[PDB]
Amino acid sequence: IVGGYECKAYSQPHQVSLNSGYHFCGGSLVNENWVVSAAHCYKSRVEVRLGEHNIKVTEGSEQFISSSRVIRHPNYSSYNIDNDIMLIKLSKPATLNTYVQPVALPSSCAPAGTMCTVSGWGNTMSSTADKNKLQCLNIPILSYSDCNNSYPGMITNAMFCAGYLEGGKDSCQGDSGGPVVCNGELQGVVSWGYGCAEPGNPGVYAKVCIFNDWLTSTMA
């Protein structure tokens, strides 16, 4: 997260870290057994780390649970990062407490201009911002035209841009798979972008509101 601030510890209880030796992606807990992430973060097996704030220091609030299933959306297209959503089933259920809680799925698609929150342990591109401590950033959903203007012909129905065209505030690699929460619902998943926080290149996110049927049926 570039241009954001350190989240208040455990203020994003649904946020998880995907780890197979080191942190490589984020994810969002949606119930005691499942995590929603980005399909480009796919790995056959991964350890999901919940209840984290500082991913380098053991705090006593964490739960490390290995995945039992990692399911990418069947229509995921890697060359254009389309339908970049994935479900991770925990081998054992997570204990819901003050540090670990699920985030609700969207009841509808949020309109452009809706202010949301994106978080993660990705690069901050700052000498004073510690990416090891969960970072938070408020970003507005951008219009389809601003999105397509930024990435001509590359925006699909499963995508939406959010952030600032002027640059300075955006998600980055490391945040991939992470949550974009708007009004208490998971509207997006950190997906892609050119560079990080670069003017004219806002973040692109997987639009969760169009995958409700696949998500619920898969977890059913």
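For every residue, the number given is its place in the sequence shown, counted from 1.
Here the stretch with the larger average CA B-factor, out of 35-43 and 56-64, is 56-64.
Higher average CA B factor: 120-128, of the stretches 120-128 and 135-143. Remark: of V204, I210, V16, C196, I210 shows the highest value [criterion: C-alpha B-factor in the PDB entry]. Residue-level temperature factors show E185 in the middle third of its chain, judged at the C-alpha atom. Residue-level temperature factors show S191 in the lowest third of its chain, judged at the C-alpha atom. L87: CA B factor in the lowest third of modelled residues in this chain (values from the PDB entry). Per-chain ranking of the deposited C-alpha B factor places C7 in the middle third.
In the deposited entry, the Cα temperature factor of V48 places it in the middle third of its chain's modelled residues.
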